[PDB]
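Each remark here refers to the structure printed beneath this line.
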Amino acid sequence: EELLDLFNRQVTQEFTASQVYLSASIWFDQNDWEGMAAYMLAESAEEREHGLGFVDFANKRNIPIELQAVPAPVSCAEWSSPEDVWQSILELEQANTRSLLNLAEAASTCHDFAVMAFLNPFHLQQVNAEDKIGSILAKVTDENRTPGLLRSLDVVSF
Amino acid sequence: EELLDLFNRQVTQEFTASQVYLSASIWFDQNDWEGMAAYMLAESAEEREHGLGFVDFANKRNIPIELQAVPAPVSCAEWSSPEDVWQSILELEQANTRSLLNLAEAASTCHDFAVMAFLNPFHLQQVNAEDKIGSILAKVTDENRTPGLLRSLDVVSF
Amino acid sequence: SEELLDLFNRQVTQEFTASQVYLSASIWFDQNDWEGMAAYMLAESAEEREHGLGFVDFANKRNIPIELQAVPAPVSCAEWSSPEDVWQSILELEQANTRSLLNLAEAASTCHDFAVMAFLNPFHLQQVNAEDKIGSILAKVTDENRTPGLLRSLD
Amino acid sequence: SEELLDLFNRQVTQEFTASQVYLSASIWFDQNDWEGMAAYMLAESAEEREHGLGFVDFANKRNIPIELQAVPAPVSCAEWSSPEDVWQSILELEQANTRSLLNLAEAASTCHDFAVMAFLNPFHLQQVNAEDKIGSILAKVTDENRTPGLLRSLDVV
Amino acid sequence: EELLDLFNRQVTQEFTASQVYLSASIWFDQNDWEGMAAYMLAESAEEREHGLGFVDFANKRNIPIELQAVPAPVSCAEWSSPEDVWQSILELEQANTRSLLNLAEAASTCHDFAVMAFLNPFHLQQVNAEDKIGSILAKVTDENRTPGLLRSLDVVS
Amino acid sequence: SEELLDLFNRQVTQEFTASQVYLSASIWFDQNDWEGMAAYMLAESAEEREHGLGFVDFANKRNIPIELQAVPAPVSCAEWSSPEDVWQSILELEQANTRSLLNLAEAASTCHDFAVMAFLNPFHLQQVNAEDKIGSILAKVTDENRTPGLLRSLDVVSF
Ligand SMILES: [Fe+3]
Ligand SMILES: [Fe+3]
Ligand SMILES: [Fe+3]
Ligand SMILES: [Fe+3]
Ligand SMILES: [Fe+3]
Ligand SMILES: [Fe+3]
């Protein structure tokens, strides 16, 4: 079953994203962006919570879950500035949205109304996540035009 | 794109509805039905809030909103009793409902799960609204069979 | 449209039917001195009645004619002889409850009745939880009843 | 004795029957935009079910075997055309409810079943109150319904 | 009466300004200036409240009100930066002020003391509004001389 | 010190690996209607992840570069068929967690890295408590499961 493999994968995607968020916190912390680091860390925990929510529903609905490996984050090796980090995070959220939409498609094809109902809050959370990340990225990109100015986004606002 | 156009039209319909409700408040106040007036004023505000909720979601989801003219209400030229006003308000809500349904249809066809999730509470609200306005119109039509009687219940209820 | 309106009317019957079966289970348990299991069944009986009354309220608001049907006599109680038999029947009840909701949602879907489908969502998720809760209780009951008297300690 | 046990089972059914009849009254009232009277009937529907539950509880304690019967479909609601028709059916229902409790009490009395007679006492008094209140409402409805629209006033109370 | 047509006009002008504020909110939100967007959204609501205030007064004083179309905001098509938006909003407020002054003019010629009294707080509100928009626009125009810096006005409020 | 810097990195991986193993135990228990044991495992999964994050934080402060590695898929779950099997695996996991900390501490001792040793101290004591508590639960489980049904009683009662 496709629906069931995709549900598994979704758990994996949430934990993958949690680890990518953690990688972002690390790069920020190492480069003394403690505000952006705390934001990424908080998002890491929340992504893990989403994974757990998927796990709990699957268990209730007798969808067998077998935990997969959580792949090592790869984009950190390339990051040179906060702009690069926030852009990777945007891509991560876009990919998170795409995987949920694929899972919803499979559910819709199966007439699985319970799964579709379960996913609705996630669909709306993704809209809010891509908007928030996108907006932060816009701010960072604008402020990084003047040397040192972005270092005030961090200290003040986050 | 059909879903962008319909999403924009939904915004217009909410604000059109807001103005129609305001027109109703005005007719009521000018004819000394202050309770019925207060109710229409409350609704006018709430319809505008729905509109703002659509705009907010559209902004987040990158659906470009271009605000359109809000047309002049016209039913208020033909009103001559409260019954006429409540009947037009029922028909407004029926058109608000139809319009949400067209939107949902477009989103369904596009497999736009986030838009469909967003609309759900509005579908349920429209059930409530058509029911509440139907009920008031029934009461108005019944009480208006005895002279003076309708007036005694603007003054009490509302 | 006719099919959707009659399935909605028959969902009310299903909810009340399930209420009565829960009540039946409560009775068997009380008669056989399982007051803890009887209390649980009595609470679910009230809750299934409330679900019915939710369906009724919604139909009234959406102008779906409701005509209340006979609520059938519960019949599994004639054959229950252990708690296990009762909880197995309640599990079957919930699985049937789930299928009737899914059929209704299937007819709404066909009719493009977005409002009805939205109404049903919380109920689909409630049935997921109900089947899981019942299934778990039955697993426990089945395991504990392997030793004489032990199940009496769960109650 | 057999007859007493029969009648006790029956009473449970009668309570749940009346619960459904009150629900049918709520429905007709809601459908016809009498939300106040519909609220009233809904609350009574709940209450009748609680009475039935109290009989089941007692029977279980006293080892009167109960076996739940079908709850018949309400029938009056097909022919109601105005609130007067509904309140009239509900008065009859309560009148019927009183008769079955009195019959059950007769059977208990013949058996010298003092515990059953004691259990029934608060219900006999509740039935007096119920018939009084329903009768009183029916009287208002029937009076106020002589002026078009005036009964809609009662409902907003 | 010109006095009556101008009073109706004024309602349309308050609602037009509400819609124009809403269009500025949208442009800001779409361009990730969430602080400016919130500010414009609150002003949109307040202009609607002013309109509603004129409507209520007109009803009380038997000034027949007939609601006009609220035209579509047009400046938003050409905005490219926050400076452009704020400049349009200043122009809206200036227009808002002239219209109130024209209404007061008509009221004065008619010796309509009640309308003049009703308008007093709005005249003083407009002085405040022009001053406040003018001051934000001066900050915006100054800060936008250094790339990124304006993005700090938004974030700090 | 590269040995030190690698072992520290590997310790993060070990804490997150343990987090996932505890999640897998939680899942087994839930699937098999042991909701009390499943809650306990879930709690422990969060706690191990917290330890991992504490090691990350200290590394960042101390300029020990952390590069996150793959967190391996739990595999003991395939073999579990009773709660005893699950708790046995979790004992062995903790024993492994203990050995990894001790090896890290050895490396820090060789390097005279007093700050790393001081940092590890609370974890060494936590590991004593952890092994003791899992070992104790495993003893109870093993005893109660000698009578059919009895172990259920103590998922539902206790936990
Ligand atoms: Fe997520
Ligand atoms: Fe609306
Ligand atoms: Fe149910
Ligand atoms: Fe009764
Ligand atoms: Fe103004
Ligand atoms: Fe650890």
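Chain labels follow the order of the structure tokens: the first chain is A, the next B, and so on; residue numbering restarts at 1 in every chain, and ligands are counted from 1 in their shown order.
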
Once you count only C-alpha atoms, what closest atom pair and distance in Å to one decimal does each residue of chain E within 8 Å of chain B have, with rows by chain and rising residue number, as JSON lines?
```
{"residue": "E:23", "atom": "CA", "partner": "B:67", "partner_atom": "CA", "distance": 7.0}
{"residue": "E:26", "atom": "CA", "partner": "B:59", "partner_atom": "CA", "distance": 7.2}
{"residue": "E:29", "atom": "CA", "partner": "B:59", "partner_atom": "CA", "distance": 6.7}
{"residue": "E:30", "atom": "CA", "partner": "B:59", "partner_atom": "CA", "distance": 5.9}
{"residue": "E:55", "atom": "CA", "partner": "B:26", "partner_atom": "CA", "distance": 7.8}
{"residue": "E:59", "atom": "CA", "partner": "B:30", "partner_atom": "CA", "distance": 5.8}
{"residue": "E:60", "atom": "CA", "partner": "B:30", "partner_atom": "CA", "distance": 7.9}
{"residue": "E:62", "atom": "CA", "partner": "B:30", "partner_atom": "CA", "distance": 7.6}
{"residue": "E:65", "atom": "CA", "partner": "B:26", "partner_atom": "CA", "distance": 7.8}
{"residue": "E:66", "atom": "CA", "partner": "B:23", "partner_atom": "CA", "distance": 7.9}
{"residue": "E:67", "atom": "CA", "partner": "B:72", "partner_atom": "CA", "distance": 6.0}
{"residue": "E:68", "atom": "CA", "partner": "B:72", "partner_atom": "CA", "distance": 4.7}
{"residue": "E:69", "atom": "CA", "partner": "B:72", "partner_atom": "CA", "distance": 4.1}
{"residue": "E:70", "atom": "CA", "partner": "B:70", "partner_atom": "CA", "distance": 5.0}
{"residue": "E:71", "atom": "CA", "partner": "B:69", "partner_atom": "CA", "distance": 4.4}
{"residue": "E:72", "atom": "CA", "partner": "B:69", "partner_atom": "CA", "distance": 4.2}
{"residue": "E:73", "atom": "CA", "partner": "B:67", "partner_atom": "CA", "distance": 6.7}
```

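Pocket residues of ligand 3, taken as those with any atom at most 7 Å away using only C-alpha atoms and all ligand atoms, are residues 15, 48, 51 and 97 of chain C.
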
So which bits of stretch 50-150 of chain F end up helix (DSSP H, G or I) when you DSSP the backbone, as a CSV table (one decimal) with N, CA, C and O atoms, in the first residue's frame?
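Writing the result to part.csv gives the following:
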```
chain,number,residue,atom,x,y,z
F,50,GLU,N,17.1,15.5,24.6
F,50,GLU,CA,17.6,16.6,25.4
F,50,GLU,C,19.1,16.4,25.8
F,50,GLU,O,19.9,17.4,25.8
F,51,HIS,N,19.5,15.2,26.2
F,51,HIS,CA,21.0,15.0,26.4
F,51,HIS,C,21.8,15.4,25.2
F,51,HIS,O,22.8,16.0,25.3
F,52,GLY,N,21.4,14.9,24.0
F,52,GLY,CA,22.0,15.2,22.8
F,52,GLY,C,22.2,16.7,22.6
F,52,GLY,O,23.2,17.2,22.1
F,53,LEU,N,21.1,17.4,22.8
F,53,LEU,CA,21.1,18.8,22.7
F,53,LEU,C,22.1,19.5,23.7
F,53,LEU,O,22.7,20.5,23.3
F,54,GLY,N,22.2,19.0,24.9
F,54,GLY,CA,23.1,19.5,25.8
F,54,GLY,C,24.6,19.3,25.4
F,54,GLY,O,25.4,20.2,25.5
F,55,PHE,N,24.9,18.2,24.9
F,55,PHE,CA,26.2,17.9,24.2
F,55,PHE,C,26.5,18.9,23.0
F,55,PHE,O,27.6,19.5,22.9
F,56,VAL,N,25.5,19.0,22.1
F,56,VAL,CA,25.6,20.1,21.1
F,56,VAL,C,25.9,21.5,21.6
F,56,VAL,O,26.9,22.1,21.1
F,57,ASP,N,25.2,21.9,22.6
F,57,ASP,CA,25.4,23.2,23.2
F,57,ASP,C,26.8,23.4,23.7
F,57,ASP,O,27.4,24.4,23.5
F,58,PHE,N,27.2,22.5,24.5
F,58,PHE,CA,28.5,22.5,25.1
F,58,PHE,C,29.6,22.5,24.0
F,58,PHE,O,30.5,23.4,24.1
F,59,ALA,N,29.5,21.7,23.0
F,59,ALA,CA,30.4,21.7,21.9
F,59,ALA,C,30.5,23.0,21.2
F,59,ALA,O,31.6,23.5,21.0
F,60,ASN,N,29.3,23.6,21.0
F,60,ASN,CA,29.3,25.0,20.3
F,60,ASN,C,30.1,26.0,21.2
F,60,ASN,O,30.9,26.8,20.7
F,61,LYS,N,29.8,26.0,22.5
F,61,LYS,CA,30.5,26.9,23.4
F,61,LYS,C,32.0,26.7,23.4
F,61,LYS,O,32.7,27.6,23.5
F,76,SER,N,16.1,-3.5,16.6
F,76,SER,CA,15.6,-4.5,17.6
F,76,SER,C,14.1,-4.8,17.6
F,76,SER,O,13.7,-5.9,17.9
F,77,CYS,N,13.3,-3.7,17.2
F,77,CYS,CA,11.8,-3.8,17.1
F,77,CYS,C,11.4,-5.0,16.2
F,77,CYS,O,10.3,-5.7,16.5
F,78,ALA,N,12.2,-5.4,15.2
F,78,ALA,CA,11.8,-6.5,14.4
F,78,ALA,C,11.6,-7.8,15.2
F,78,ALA,O,10.8,-8.7,14.9
F,83,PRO,N,6.9,-7.7,26.1
F,83,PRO,CA,7.6,-6.6,26.8
F,83,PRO,C,8.9,-6.9,27.3
F,83,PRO,O,9.8,-6.0,27.3
F,84,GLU,N,9.1,-8.1,27.8
F,84,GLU,CA,10.5,-8.5,28.3
F,84,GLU,C,11.6,-8.2,27.3
F,84,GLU,O,12.7,-7.8,27.6
F,85,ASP,N,11.3,-8.6,26.0
F,85,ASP,CA,12.3,-8.4,24.9
F,85,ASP,C,12.6,-6.9,24.8
F,85,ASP,O,13.8,-6.5,24.6
F,86,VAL,N,11.6,-6.1,24.8
F,86,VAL,CA,11.8,-4.6,24.7
F,86,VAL,C,12.6,-4.0,25.8
F,86,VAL,O,13.6,-3.4,25.6
F,87,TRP,N,12.2,-4.3,27.1
F,87,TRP,CA,13.0,-3.8,28.2
F,87,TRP,C,14.5,-4.3,28.2
F,87,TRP,O,15.4,-3.6,28.6
F,88,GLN,N,14.7,-5.6,27.8
F,88,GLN,CA,16.0,-6.1,27.6
F,88,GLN,C,16.8,-5.3,26.6
F,88,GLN,O,17.9,-4.9,26.9
F,89,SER,N,16.2,-5.0,25.5
F,89,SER,CA,16.9,-4.2,24.5
F,89,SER,C,17.3,-2.8,25.1
F,89,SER,O,18.3,-2.3,24.9
F,90,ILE,N,16.3,-2.2,25.8
F,90,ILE,CA,16.5,-0.9,26.4
F,90,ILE,C,17.6,-0.9,27.5
F,90,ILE,O,18.5,0.0,27.6
F,91,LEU,N,17.7,-2.0,28.3
F,91,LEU,CA,18.9,-2.2,29.2
F,91,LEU,C,20.2,-2.1,28.4
F,91,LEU,O,21.1,-1.4,28.8
F,92,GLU,N,20.2,-2.9,27.3
F,92,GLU,CA,21.5,-3.0,26.6
F,92,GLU,C,21.8,-1.6,26.0
F,92,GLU,O,23.0,-1.2,25.9
F,93,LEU,N,20.8,-0.9,25.5
F,93,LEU,CA,21.0,0.5,25.0
F,93,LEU,C,21.7,1.3,26.1
F,93,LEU,O,22.6,2.1,25.8
F,94,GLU,N,21.1,1.3,27.3
F,94,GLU,CA,21.7,2.2,28.3
F,94,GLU,C,23.1,1.8,28.7
F,94,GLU,O,23.9,2.6,28.9
F,95,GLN,N,23.3,0.5,28.7
F,95,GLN,CA,24.7,0.0,29.0
F,95,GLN,C,25.7,0.5,27.9
F,95,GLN,O,26.8,1.0,28.2
F,96,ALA,N,25.2,0.5,26.7
F,96,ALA,CA,26.0,1.1,25.6
F,96,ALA,C,26.2,2.6,25.7
F,96,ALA,O,27.3,3.1,25.4
F,97,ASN,N,25.1,3.3,26.1
F,97,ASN,CA,25.2,4.8,26.4
F,97,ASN,C,26.3,5.0,27.5
F,97,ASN,O,27.2,5.9,27.3
F,98,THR,N,26.3,4.2,28.5
F,98,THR,CA,27.2,4.3,29.6
F,98,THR,C,28.7,4.1,29.1
F,98,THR,O,29.6,4.9,29.4
F,99,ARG,N,28.8,3.1,28.3
F,99,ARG,CA,30.2,2.8,27.8
F,99,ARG,C,30.7,3.9,26.9
F,99,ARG,O,31.9,4.2,26.9
F,100,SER,N,29.8,4.5,26.0
F,100,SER,CA,30.3,5.6,25.2
F,100,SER,C,30.7,6.8,26.0
F,100,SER,O,31.7,7.5,25.6
F,101,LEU,N,30.0,7.1,27.1
F,101,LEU,CA,30.3,8.3,27.9
F,101,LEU,C,31.6,8.0,28.6
F,101,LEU,O,32.4,8.9,28.8
F,102,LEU,N,31.9,6.8,29.0
F,102,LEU,CA,33.1,6.4,29.8
F,102,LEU,C,34.2,6.5,28.8
F,102,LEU,O,35.3,7.0,29.2
F,103,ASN,N,34.0,6.2,27.5
F,103,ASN,CA,35.1,6.3,26.6
F,103,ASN,C,35.5,7.7,26.2
F,103,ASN,O,36.7,8.1,26.0
F,104,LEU,N,34.4,8.5,26.1
F,104,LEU,CA,34.6,9.9,26.0
F,104,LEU,C,35.4,10.5,27.2
F,104,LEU,O,36.4,11.3,27.0
F,105,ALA,N,35.0,10.1,28.4
F,105,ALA,CA,35.7,10.6,29.6
F,105,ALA,C,37.1,10.1,29.6
F,105,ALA,O,38.0,10.9,30.1
F,106,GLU,N,37.4,8.9,29.2
F,106,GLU,CA,38.8,8.5,29.1
F,106,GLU,C,39.7,9.3,28.2
F,106,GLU,O,40.8,9.6,28.5
F,107,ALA,N,39.1,9.6,27.0
F,107,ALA,CA,39.8,10.5,26.1
F,107,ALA,C,40.0,11.8,26.7
F,107,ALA,O,41.1,12.4,26.5
F,108,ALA,N,39.1,12.3,27.4
F,108,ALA,CA,39.2,13.7,28.0
F,108,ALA,C,40.3,13.6,29.1
F,108,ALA,O,41.0,14.6,29.3
F,109,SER,N,40.2,12.6,29.9
F,109,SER,CA,41.2,12.4,30.9
F,109,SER,C,42.7,12.4,30.3
F,109,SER,O,43.6,13.1,30.8
F,110,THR,N,42.9,11.6,29.3
F,110,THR,CA,44.2,11.5,28.7
F,110,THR,C,44.6,12.9,28.2
F,110,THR,O,45.8,13.3,28.3
F,114,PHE,N,40.0,19.1,31.6
F,114,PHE,CA,39.2,19.3,32.8
F,114,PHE,C,37.8,19.8,32.6
F,114,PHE,O,36.9,19.4,33.3
F,115,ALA,N,37.6,20.7,31.7
F,115,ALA,CA,36.3,21.2,31.4
F,115,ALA,C,35.4,20.1,30.9
F,115,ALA,O,34.2,20.0,31.3
F,116,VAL,N,35.8,19.3,29.9
F,116,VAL,CA,35.0,18.2,29.4
F,116,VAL,C,34.7,17.2,30.5
F,116,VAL,O,33.5,16.8,30.6
F,117,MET,N,35.7,16.9,31.3
F,117,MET,CA,35.4,16.0,32.5
F,117,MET,C,34.4,16.5,33.4
F,117,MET,O,33.5,15.7,33.9
F,118,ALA,N,34.5,17.8,33.8
F,118,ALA,CA,33.5,18.4,34.6
F,118,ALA,C,32.1,18.4,34.0
F,118,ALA,O,31.1,18.1,34.6
F,119,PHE,N,32.0,18.7,32.7
F,119,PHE,CA,30.8,18.6,32.0
F,119,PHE,C,30.1,17.2,32.0
F,119,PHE,O,28.9,17.1,32.2
F,120,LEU,N,30.9,16.2,31.9
F,120,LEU,CA,30.4,14.8,31.9
F,120,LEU,C,29.9,14.2,33.2
F,120,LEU,O,29.2,13.3,33.3
F,121,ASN,N,30.4,14.8,34.3
F,121,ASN,CA,30.1,14.3,35.6
F,121,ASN,C,28.6,14.0,35.9
F,121,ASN,O,28.3,12.9,36.3
F,122,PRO,N,27.7,15.0,35.7
F,122,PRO,CA,26.3,14.7,35.9
F,122,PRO,C,25.7,13.6,35.0
F,122,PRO,O,24.8,12.8,35.4
F,123,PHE,N,26.3,13.4,33.8
F,123,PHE,CA,25.9,12.4,32.9
F,123,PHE,C,26.3,11.0,33.4
F,123,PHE,O,25.6,10.0,33.3
F,124,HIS,N,27.5,10.9,34.0
F,124,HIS,CA,27.9,9.6,34.5
F,124,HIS,C,26.9,9.2,35.6
F,124,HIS,O,26.6,8.0,35.7
F,125,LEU,N,26.5,10.1,36.5
F,125,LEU,CA,25.6,9.8,37.6
F,125,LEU,C,24.2,9.5,37.1
F,125,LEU,O,23.5,8.6,37.6
F,126,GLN,N,23.8,10.2,36.1
F,126,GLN,CA,22.5,9.9,35.4
F,126,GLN,C,22.5,8.5,34.8
F,126,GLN,O,21.5,7.9,34.9
F,127,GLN,N,23.7,8.1,34.2
F,127,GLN,CA,23.7,6.8,33.7
F,127,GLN,C,23.6,5.7,34.8
F,127,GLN,O,23.0,4.7,34.6
F,128,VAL,N,24.2,5.9,35.9
F,128,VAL,CA,24.0,4.9,37.0
F,128,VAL,C,22.5,4.8,37.4
F,128,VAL,O,22.1,3.7,37.6
F,129,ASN,N,21.9,5.9,37.5
F,129,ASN,CA,20.4,5.9,37.8
F,129,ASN,C,19.6,5.3,36.7
F,129,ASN,O,18.7,4.5,37.0
F,130,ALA,N,20.0,5.6,35.5
F,130,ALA,CA,19.3,5.0,34.3
F,130,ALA,C,19.4,3.5,34.3
F,130,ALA,O,18.4,2.7,34.1
F,131,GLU,N,20.6,2.9,34.4
F,131,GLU,CA,20.8,1.5,34.4
F,131,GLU,C,20.1,0.8,35.5
F,131,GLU,O,19.5,-0.3,35.4
F,132,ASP,N,20.1,1.5,36.6
F,132,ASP,CA,19.4,0.9,37.8
F,132,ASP,C,17.9,0.8,37.6
F,132,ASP,O,17.3,-0.2,37.9
F,133,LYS,N,17.3,1.9,37.1
F,133,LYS,CA,15.9,2.0,36.9
F,133,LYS,C,15.4,1.0,35.9
F,133,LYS,O,14.4,0.3,36.0
F,134,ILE,N,16.1,0.9,34.8
F,134,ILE,CA,15.7,-0.1,33.7
F,134,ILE,C,15.9,-1.5,34.1
F,134,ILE,O,15.1,-2.4,33.8
F,135,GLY,N,17.0,-1.7,34.8
F,135,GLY,CA,17.2,-3.0,35.3
F,135,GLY,C,16.2,-3.5,36.3
F,135,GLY,O,15.8,-4.7,36.3
F,136,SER,N,15.7,-2.5,37.1
F,136,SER,CA,14.6,-2.7,38.1
F,136,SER,C,13.3,-3.0,37.4
F,136,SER,O,12.5,-4.0,37.8
F,137,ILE,N,13.0,-2.2,36.4
F,137,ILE,CA,11.7,-2.5,35.6
F,137,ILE,C,11.8,-3.9,35.0
F,137,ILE,O,10.8,-4.7,35.0
F,138,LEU,N,13.0,-4.2,34.4
F,138,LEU,CA,13.1,-5.4,33.7
F,138,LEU,C,12.9,-6.7,34.7
F,138,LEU,O,12.2,-7.6,34.3
F,139,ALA,N,13.4,-6.6,35.9
F,139,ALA,CA,13.2,-7.5,36.9
F,139,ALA,C,11.7,-7.7,37.2
F,139,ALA,O,11.3,-8.8,37.4
F,140,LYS,N,11.0,-6.6,37.4
F,140,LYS,CA,9.6,-6.7,37.7
F,140,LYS,C,8.8,-7.3,36.6
F,140,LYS,O,8.0,-8.1,36.8
F,141,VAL,N,9.2,-6.9,35.3
F,141,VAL,CA,8.5,-7.4,34.2
F,141,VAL,C,8.7,-8.9,34.0
F,141,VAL,O,7.8,-9.7,33.7
F,142,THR,N,9.9,-9.4,34.2
F,142,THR,CA,10.3,-10.8,34.1
F,142,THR,C,9.6,-11.6,35.2
F,142,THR,O,9.0,-12.7,34.8
F,143,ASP,N,9.4,-11.1,36.4
F,143,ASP,CA,8.7,-11.8,37.4
F,143,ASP,C,7.2,-11.8,37.2
F,143,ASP,O,6.6,-12.9,37.2
F,144,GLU,N,6.6,-10.7,36.8
F,144,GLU,CA,5.2,-10.6,36.6
F,144,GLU,C,4.7,-11.4,35.4
F,144,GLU,O,3.6,-12.0,35.4
F,150,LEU,N,-0.9,-11.1,34.2
F,150,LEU,CA,-0.5,-10.3,35.3
F,150,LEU,C,0.3,-9.1,34.9
F,150,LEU,O,0.1,-8.1,35.5
```

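Considering only C-alpha atoms and all ligand atoms, the residues that reside within 10 Å of ligand 2 can be listed as residues 10, 11, 13, 14, 15, 16, 17, 18, 43, 44, 46, 47, 48, 49, 50, 51, 54, 92, 93, 95, 96, 97, 99, 100, 122, 123, 125, 126 and 129 of chain B.
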
- Query: Near chain C, which residues of chain A fall within 8 Å when you count only C-alpha atoms, and what do they look like as a list in words?
  - Reply: residues 60, 61, 111, 113, 114, 117 and 118 of chain A

Preceding selection exported with N, CA, C and O atoms as an mmCIF file, in the first residue's frame:
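And here is the file that came out, result13.cif:
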```cif
data_model
loop_
_atom_site.group_PDB
_atom_site.id
_atom_site.type_symbol
_atom_site.label_atom_id
_atom_site.label_comp_id
_atom_site.auth_asym_id
_atom_site.auth_seq_id
_atom_site.Cartn_x
_atom_site.Cartn_y
_atom_site.Cartn_z
ATOM 1 N N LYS A 60 -2.906 4.572 16.270
ATOM 2 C CA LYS A 60 -4.379 4.475 16.423
ATOM 3 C C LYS A 60 -5.103 3.842 15.264
ATOM 4 O O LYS A 60 -5.970 3.003 15.494
ATOM 5 N N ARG A 61 -4.726 4.204 14.048
ATOM 6 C CA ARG A 61 -5.351 3.748 12.839
ATOM 7 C C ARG A 61 -4.781 2.459 12.242
ATOM 8 O O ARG A 61 -5.100 2.139 11.083
ATOM 9 N N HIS A 111 -10.227 7.493 -0.872
ATOM 10 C CA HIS A 111 -11.395 7.884 -0.111
ATOM 11 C C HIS A 111 -11.130 7.735 1.413
ATOM 12 O O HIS A 111 -11.981 7.376 2.179
ATOM 13 N N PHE A 113 -11.170 9.364 4.358
ATOM 14 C CA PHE A 113 -11.629 10.611 4.952
ATOM 15 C C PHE A 113 -11.044 10.924 6.278
ATOM 16 O O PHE A 113 -10.849 12.106 6.586
ATOM 17 N N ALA A 114 -10.720 9.895 7.064
ATOM 18 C CA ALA A 114 -10.068 10.110 8.355
ATOM 19 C C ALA A 114 -8.658 10.665 8.199
ATOM 20 O O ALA A 114 -8.275 11.556 8.907
ATOM 21 N N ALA A 117 -8.898 14.244 7.077
ATOM 22 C CA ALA A 117 -9.293 15.103 8.184
ATOM 23 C C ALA A 117 -8.093 15.398 9.102
ATOM 24 O O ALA A 117 -7.898 16.534 9.567
ATOM 25 N N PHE A 118 -7.346 14.346 9.411
ATOM 26 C CA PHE A 118 -6.151 14.468 10.212
ATOM 27 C C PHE A 118 -5.120 15.437 9.634
ATOM 28 O O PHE A 118 -4.531 16.246 10.374
#
```

Write out as an mmCIF file with C-alpha atoms, in the first residue's frame every residue belonging to chain C that has an atom at most 9 Å from any atom of chain F, counting only C-alpha atoms.
```cif
data_model
loop_
_atom_site.group_PDB
_atom_site.id
_atom_site.type_symbol
_atom_site.label_atom_id
_atom_site.label_comp_id
_atom_site.auth_asym_id
_atom_site.auth_seq_id
_atom_site.Cartn_x
_atom_site.Cartn_y
_atom_site.Cartn_z
ATOM 1 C CA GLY C 135 -9.407 -2.556 20.639
ATOM 2 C CA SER C 136 -6.957 -1.839 23.444
ATOM 3 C CA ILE C 137 -9.432 -2.591 26.175
ATOM 4 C CA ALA C 139 -6.603 -6.833 24.228
ATOM 5 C CA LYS C 140 -6.220 -6.184 27.927
ATOM 6 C CA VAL C 141 -9.344 -8.089 28.847
ATOM 7 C CA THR C 142 -8.335 -11.003 26.724
ATOM 8 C CA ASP C 143 -4.880 -11.204 28.259
ATOM 9 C CA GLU C 144 -5.998 -10.801 31.863
ATOM 10 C CA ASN C 145 -8.728 -13.314 31.576
ATOM 11 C CA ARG C 146 -6.107 -16.034 31.049
ATOM 12 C CA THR C 147 -5.783 -16.234 34.840
ATOM 13 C CA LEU C 150 -7.402 -11.488 37.472
ATOM 14 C CA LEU C 151 -9.816 -9.647 35.214
ATOM 15 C CA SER C 153 -8.906 -6.853 39.398
ATOM 16 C CA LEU C 154 -9.157 -4.623 36.276
#
```

- Query: Got a sec to check which residues lie within 7 Å of ligand 4, using only C-alpha atoms and all ligand atoms, and send them as a PyMOL selection string?
  - Reply: chain D and resi 15+48+51+97

- When you draw a straight line from atom CA of residue D:7 to atom CA of residue C:80, how long is it in Å?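 Straight-line distance from atom CA of residue D:7 to atom CA of residue C:80 works out to 24.5 Å.
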
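Using only C-alpha atoms, the chain C residues found within 8 Å of chain D amount to residues 20, 24, 27, 30, 31, 56, 60, 61, 63, 66, 68, 69, 70, 71, 72, 73 and 74 of chain C.
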
Could you write out that same residue set with C-alpha atoms as an mmCIF file, in the first residue's frame?
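Result went into part_21.cif, see below:
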```cif
data_model
loop_
_atom_site.group_PDB
_atom_site.id
_atom_site.type_symbol
_atom_site.label_atom_id
_atom_site.label_comp_id
_atom_site.auth_asym_id
_atom_site.auth_seq_id
_atom_site.Cartn_x
_atom_site.Cartn_y
_atom_site.Cartn_z
ATOM 1 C CA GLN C 20 -28.765 1.196 23.106
ATOM 2 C CA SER C 24 -27.191 -3.313 26.888
ATOM 3 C CA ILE C 27 -26.741 -3.926 31.933
ATOM 4 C CA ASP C 30 -24.035 -4.631 36.205
ATOM 5 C CA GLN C 31 -26.016 -7.893 36.380
ATOM 6 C CA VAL C 56 -30.221 15.889 14.281
ATOM 7 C CA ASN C 60 -32.472 20.782 11.148
ATOM 8 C CA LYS C 61 -30.148 23.678 10.327
ATOM 9 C CA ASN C 63 -33.077 21.471 6.051
ATOM 10 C CA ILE C 66 -35.338 13.925 9.878
ATOM 11 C CA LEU C 68 -36.940 9.187 13.637
ATOM 12 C CA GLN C 69 -37.028 5.435 13.101
ATOM 13 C CA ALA C 70 -37.489 2.554 15.481
ATOM 14 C CA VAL C 71 -34.374 1.916 17.551
ATOM 15 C CA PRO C 72 -33.816 -1.794 17.292
ATOM 16 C CA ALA C 73 -33.645 -4.097 20.293
ATOM 17 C CA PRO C 74 -29.982 -4.987 21.194
#
```
